[PDB]
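There is one chain below, alone, in structure tokens, taken in the form deposited without the named molecule.
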């Protein structure tokens, strides 16, 4: 298609709505985006379609000079996105972080 270098995982201060909205459109479970807080500094919330609706994880700053959802610390969102890759991000069940974007496939024209 025309998907150039998937950007991890930026949805600039995307309106809580717009986020939830489309992000809700998601079929399966594990669609996420990290929306950059308007003015706030290193404020990042990881949204995930946690069934029934859209959940959001405030990747807070500080704690010990770093980002931390609830507990486990991390210097890089990747470490986060990654950390919550094998062990999900919710005991209630099993969650997995997947690109909130379906592959670019082959737009128009099939095979050749």
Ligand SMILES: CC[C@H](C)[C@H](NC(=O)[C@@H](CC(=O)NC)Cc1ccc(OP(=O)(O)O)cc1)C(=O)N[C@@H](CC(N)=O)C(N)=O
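Residue numbers count along the first chain shown, from 1.
Heads up, the form deposited with the named molecule bound isn't pictured, but that's what we're talking about next.
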query: Pocket accessibility when the named molecule, as posed in the entry with it bound, is superimposed onto this form, judged at 2.4 Å from backbone or C-beta; finding: open
query: Contact label in the entry with it bound: residue 81 to the named molecule, heavy atom within 4.5 Å; finding: no
query: Residue 26, heavy atom within 4.5 angstroms of the named molecule in the entry with it bound; finding: no
query: Partner contact for residue 77 in the entry with it bound: the named molecule, 4.5 angstroms, heavy atom; finding: no
query: 4.5 Å heavy atom contact, residue 98 and the named molecule in the entry with it bound; finding: no
query: Partner contacts in the entry with it bound for 51-72 (non-hydrogen atom within 4.5 angstroms of the named molecule); finding: 55, 56, 57, 58, 60, 69, 70
